[PDB]
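The structure appears right after this line, and notes come after that.
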Amino acid sequence: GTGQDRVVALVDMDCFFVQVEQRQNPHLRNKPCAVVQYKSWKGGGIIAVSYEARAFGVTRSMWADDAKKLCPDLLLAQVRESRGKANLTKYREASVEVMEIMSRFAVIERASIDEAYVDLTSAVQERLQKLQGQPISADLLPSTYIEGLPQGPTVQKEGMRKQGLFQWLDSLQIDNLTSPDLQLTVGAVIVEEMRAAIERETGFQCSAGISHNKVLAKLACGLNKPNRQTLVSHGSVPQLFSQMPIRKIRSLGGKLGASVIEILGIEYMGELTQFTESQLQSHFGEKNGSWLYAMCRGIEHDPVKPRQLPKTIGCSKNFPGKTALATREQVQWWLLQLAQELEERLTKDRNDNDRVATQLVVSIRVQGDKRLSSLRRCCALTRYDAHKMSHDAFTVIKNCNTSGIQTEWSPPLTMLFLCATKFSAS
DNA sequence: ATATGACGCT
DNA sequence: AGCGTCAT
Ligand SMILES: Nc1ccn([C@H]2C[C@H](O)[C@@H](COP(=O)(O)NP(=O)(O)OP(=O)(O)O)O2)c(=O)n1
Ligand SMILES: [Mg+2]
Ligand SMILES: [Mg+2]
Ligand code: NA
Ligand code: NA
């Protein structure tokens, strides 16, 4: 097919953790500010950056002391620390605020703490029927960009936006209820309403992409951040993809996308069209090969999954450098700190969402291993009891200690991770 | 010494 | 089941 069957939107909050802190603390609003984790080592690690601070070159992962060199007036909000660890509860609860608003408009797939996909196909059909072929006024799309427009025969971005939108709407054929471009346009009208409700009811601004599938919706979202939304039509794909680096497409940002560029000797998504589906399958596998063949034409069939809640609840802490855990008592104490946070999050989850986790995953990283995880083990999660969860976690990992002195722990542990999974309705 | 969470591979 | 990949 032509991959125009659905209307799919991705809504992503703008500098989300910063907005959460700026709502709470109005003295941070409209200023270069960032959210920082910990403090002692180089001022802490930055994990979110306001757009005023991005202009100075402040970025994620940057040390706060280094960010202050680029932006001396940078304001910092620190992530909460509980039981010796970062605690992200404030941001999870703000995320729930947003997701429950989005859910009023259509079923959502929670894709991260700050973004969800929406399938608007049904909602579009209903608005199209409630409207009666009445044209769509530009006033209904006050923050929408039409990628690829304006085009053809002034110098301010808002003026450009309106010129593109006018061109788009002037060419739209509303007599055809099945026109994909009309469907996208109605989808964008709905997303305007959804974004307005989010801002009114939470104070948070967001951006969105509207297209026919997840990949295009995600790409569109980022094209005019912040506080704007972008419609990427099927027709816009050839020009858009002709200069689009492969690594910008969701799932091609790692080794697979590197192999595509390396093996095929290309750089842009549109260059993939010159290969047969079998060719791509030969290099990258049947699944990936078929996916790439469709995707480079703007076609992708990954459905918006109805999932509003995370399906796992985890707690993790790294122990870098000299802080690596080297004694049994140290491992036990931190496993308990993690287990205690997990217990309170699990208890809250059960009351909120009428479900219980049944499996506990335990993962550690050993000193020197660059892998995210060095070993993973599981056991039953029978009761929401921190001491039992930490005791069981130690049982399943205690043989990894290659030390003739049992009071010590070698090799030193550089990460502990506890994750509750396999939820069942309760 | 750049805390999570979903899904793929075997 | 346990590890690998990619994401935010
Ligand atoms: N690698 C990352 C990316 C994001 N996050 C957190 C902080 C972000 O505010 C929040 C949302 O991630 P994000 O959407 O990728 N970036 P953010 O919303 O901060 O700025 P935008 O570029 O979306 O406007 O997740 C993180 O902790 N580690
Ligand atoms: Mg965001
Ligand atoms: Mg995001
Ligand atoms: Na509830
Ligand atoms: Na990402």
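All residue names refer to the structure tokens as shown: chains lettered A, B, ... in order, residues numbered from 1 in each chain, ligands numbered from 1 in order.
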
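For chain B, the residues having at least one atom no farther than 7 Å from chain A, when counting only C-alpha atoms (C1' of nucleotides), are residues 1, 2 and 3 of chain B.
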
Query - Residues near residue 9 of chain B, cut-off 12 Å, only C-alpha atoms (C1' of nucleotides), skip fewer than 2 positions along chain, as a PyMOL selection string - result: (chain B and resi 7) or (chain C and resi 2-5)

Counting only C-alpha atoms and all ligand atoms, which residues of chain A fall within 8 Å of ligand 4, and what is the closest atom pair for each with its distance in Å at one decimal, ordered by chain and rising number, as JSON lines?
```
{"residue": "A:351", "atom": "CA", "partner": "ligand 4", "partner_atom_place_in_ligand_line": "1 (Na)", "distance": 6.6}
{"residue": "A:352", "atom": "CA", "partner": "ligand 4", "partner_atom_place_in_ligand_line": "1 (Na)", "distance": 3.7}
{"residue": "A:353", "atom": "CA", "partner": "ligand 4", "partner_atom_place_in_ligand_line": "1 (Na)", "distance": 5.7}
{"residue": "A:354", "atom": "CA", "partner": "ligand 4", "partner_atom_place_in_ligand_line": "1 (Na)", "distance": 7.9}
```

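Rounded to one decimal, atom CA of residue 361 of chain A and atom CA of residue 381 of chain A lie 9.1 Å from each other.
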
Requested in this report: List all protein, DNA and RNA residues that have at least one atom no more than 8 Å from any atom of ligand 5, counting only C-alpha atoms (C1' of nucleotides) and all ligand atoms, and write them as a list in words.
Outcome: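 So, counting only C-alpha atoms (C1' of nucleotides) and all ligand atoms, the residues near ligand 5 are residues 250 of chain A; 7 and 8 of chain C.
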
Query - Within 10 Å of ligand 3, counting only C-alpha atoms (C1' of nucleotides) and all ligand atoms, residues as a PyMOL selection string - result: (chain A and resi 10-16+111-116+206-207+218+221-222) or (chain C and resi 7-8)

Produce a file of the selected residues containing N, CA and C atoms (P, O5', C5', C4', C3', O3' and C1' of nucleotides), as a CSV table (one decimal), in the first residue's frame.
```csv
chain,number,residue,atom,x,y,z
A,10,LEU,N,2.4,12.1,17.6
A,10,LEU,CA,3.3,12.0,18.7
A,10,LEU,C,3.4,13.3,19.4
A,11,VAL,N,3.1,13.3,20.7
A,11,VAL,CA,3.1,14.5,21.5
A,11,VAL,C,4.3,14.3,22.5
A,12,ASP,N,5.2,15.3,22.5
A,12,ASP,CA,6.4,15.3,23.3
A,12,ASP,C,6.6,16.6,24.1
A,13,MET,N,6.6,16.5,25.4
A,13,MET,CA,6.7,17.7,26.2
A,13,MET,C,8.1,18.4,26.0
A,14,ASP,N,8.0,19.7,26.0
A,14,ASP,CA,9.2,20.5,25.8
A,14,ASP,C,10.0,20.6,27.1
A,15,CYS,N,11.3,20.4,27.0
A,15,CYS,CA,12.2,20.3,28.1
A,15,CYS,C,11.5,20.0,29.4
A,16,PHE,N,11.0,18.7,29.4
A,16,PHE,CA,10.0,18.4,30.4
A,16,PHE,C,10.4,18.5,31.9
A,111,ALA,N,5.1,6.2,25.4
A,111,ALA,CA,6.4,5.8,24.8
A,111,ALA,C,7.6,6.2,25.6
A,112,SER,N,7.4,7.1,26.6
A,112,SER,CA,8.5,7.5,27.5
A,112,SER,C,7.8,8.3,28.6
A,113,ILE,N,8.6,8.8,29.6
A,113,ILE,CA,8.1,9.6,30.6
A,113,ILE,C,7.4,10.9,30.1
A,114,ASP,N,7.8,11.4,28.9
A,114,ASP,CA,7.3,12.7,28.4
A,114,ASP,C,6.7,12.6,27.0
A,115,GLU,N,6.4,11.5,26.5
A,115,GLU,CA,5.7,11.5,25.2
A,115,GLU,C,4.9,10.2,25.0
A,116,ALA,N,3.8,10.4,24.2
A,116,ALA,CA,2.9,9.3,23.8
A,116,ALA,C,2.5,9.4,22.4
A,206,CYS,N,4.1,21.7,25.0
A,206,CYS,CA,4.6,20.5,24.3
A,206,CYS,C,4.6,20.8,22.8
A,207,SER,N,5.3,19.9,22.1
A,207,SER,CA,5.2,19.9,20.6
A,207,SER,C,4.6,18.6,20.1
A,218,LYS,N,7.0,11.0,15.0
A,218,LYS,CA,8.1,11.4,15.8
A,218,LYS,C,9.1,12.3,15.2
A,221,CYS,N,7.6,15.8,14.9
A,221,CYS,CA,7.5,16.5,16.2
A,221,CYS,C,8.7,17.4,16.5
A,222,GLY,N,9.9,16.9,16.2
A,222,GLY,CA,11.1,17.6,16.5
A,222,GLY,C,11.4,18.7,15.5
C,7,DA,P,17.8,4.7,18.4
C,7,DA,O5',16.8,5.1,19.6
C,7,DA,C5',15.6,4.6,19.7
C,7,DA,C4',15.0,4.8,21.1
C,7,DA,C3',14.9,6.2,21.6
C,7,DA,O3',13.5,6.6,21.6
C,7,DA,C1',15.7,4.8,23.4
C,8,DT,P,13.0,8.1,21.3
C,8,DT,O5',13.1,8.8,22.8
C,8,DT,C5',12.1,8.5,23.8
C,8,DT,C4',12.6,9.1,25.1
C,8,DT,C3',13.1,10.5,25.1
C,8,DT,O3',12.1,11.4,25.7
C,8,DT,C1',14.4,9.2,26.5
```

Requested in this report: Find the residues in chain A near chain C: any atom within 8 Å counts, using only C-alpha atoms (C1' of nucleotides). Write them as a VMD selection string.
Outcome: chain A and resid 112 to 113 251 253 to 254 375 to 377

**Report entry** Residue neighbourhood residue 125 of chain A, 8 Å, only C-alpha atoms (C1' of nucleotides), exclusion window fewer than 4 positions, as number ranges by chain
**Finding:** A: 121, 129, 183

**Report entry** In segment 366-416 of chain A, DSSP alpha helix (DSSP H) residues written as JSON, numbers by chain
**Finding:** {"A": [386, 387, 388, 389, 390, 391, 392, 393, 394, 395, 396, 397]}

Let's have the selection written as a short mmCIF file (atom, residue, chain, number, x, y, z; two decimals), in the first residue's frame, with N, CA and C atoms.
```cif
data_model
loop_
_atom_site.label_atom_id
_atom_site.label_comp_id
_atom_site.auth_asym_id
_atom_site.auth_seq_id
_atom_site.Cartn_x
_atom_site.Cartn_y
_atom_site.Cartn_z
N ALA A 386 10.13 -4.62 51.36
CA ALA A 386 11.47 -4.23 50.93
C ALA A 386 12.53 -5.19 51.44
N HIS A 387 12.44 -5.59 52.71
CA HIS A 387 13.47 -6.44 53.28
C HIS A 387 13.50 -7.80 52.60
N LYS A 388 12.32 -8.34 52.27
CA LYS A 388 12.28 -9.60 51.55
C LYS A 388 12.83 -9.45 50.13
N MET A 389 12.51 -8.33 49.46
CA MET A 389 12.97 -8.15 48.09
C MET A 389 14.48 -7.99 48.06
N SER A 390 15.04 -7.24 49.01
CA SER A 390 16.49 -7.07 49.06
C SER A 390 17.18 -8.37 49.47
N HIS A 391 16.58 -9.11 50.40
CA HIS A 391 17.17 -10.39 50.79
C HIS A 391 17.18 -11.36 49.62
N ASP A 392 16.06 -11.47 48.89
CA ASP A 392 16.01 -12.36 47.73
C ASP A 392 16.98 -11.90 46.64
N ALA A 393 17.07 -10.59 46.42
CA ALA A 393 17.99 -10.08 45.41
C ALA A 393 19.43 -10.49 45.72
N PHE A 394 19.83 -10.37 46.99
CA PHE A 394 21.17 -10.78 47.36
C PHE A 394 21.37 -12.28 47.18
N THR A 395 20.35 -13.08 47.49
CA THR A 395 20.45 -14.52 47.29
C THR A 395 20.78 -14.86 45.84
N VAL A 396 20.14 -14.19 44.88
CA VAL A 396 20.32 -14.58 43.49
C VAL A 396 21.62 -14.07 42.89
N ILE A 397 22.28 -13.10 43.53
CA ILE A 397 23.53 -12.55 43.00
C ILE A 397 24.75 -12.90 43.85
#
```

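Residue nearest ligand 2 within the list A:400, A:295, A:106, A:49: A:49 [criterion: smallest interatomic distance, only C-alpha atoms and all ligand atoms].
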
Report task. Find the residues near segment 347-350 of chain A: any atom within 12 Å, counting only C-alpha atoms (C1' of nucleotides), skip ones fewer than 2 places away on the same chain, and give them as a ChimeraX atom specification. Result -> /A:89,92-93,96,309-313,339-345,352-358,383-386,420,423-426

Query - Polymer residues at most 10 Å from segment 277-283 of chain A, only C-alpha atoms (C1' of nucleotides), same-chain spacing of 6 or more positions, as a VMD selection string - result: chain A and resid 259 to 260 263 to 264 289 to 294

Write a file of the just-selected residues containing C-alpha atoms, as a tab-separated table (two decimals), in the first residue's frame.
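Saved as out03.tsv:
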```
chain	number	residue	atom	x	y	z
A	259	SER	CA	25.54	-0.71	9.16
A	260	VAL	CA	23.01	0.60	6.64
A	263	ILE	CA	27.34	-1.52	3.90
A	264	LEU	CA	25.29	0.40	1.34
A	289	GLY	CA	14.92	-5.46	5.37
A	290	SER	CA	11.15	-5.26	4.86
A	291	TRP	CA	10.89	-2.46	7.43
A	292	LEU	CA	13.55	-0.36	5.69
A	293	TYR	CA	12.07	-0.93	2.24
A	294	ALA	CA	8.71	0.43	3.43
```

Query - Separation of atom CA of residue 39 of chain A from atom CA of residue 76 of chain A, in Å and rounded to one decimal - result: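 Atom-to-atom, atom CA of residue 39 of chain A and atom CA of residue 76 of chain A are spaced 10.6 Å apart.
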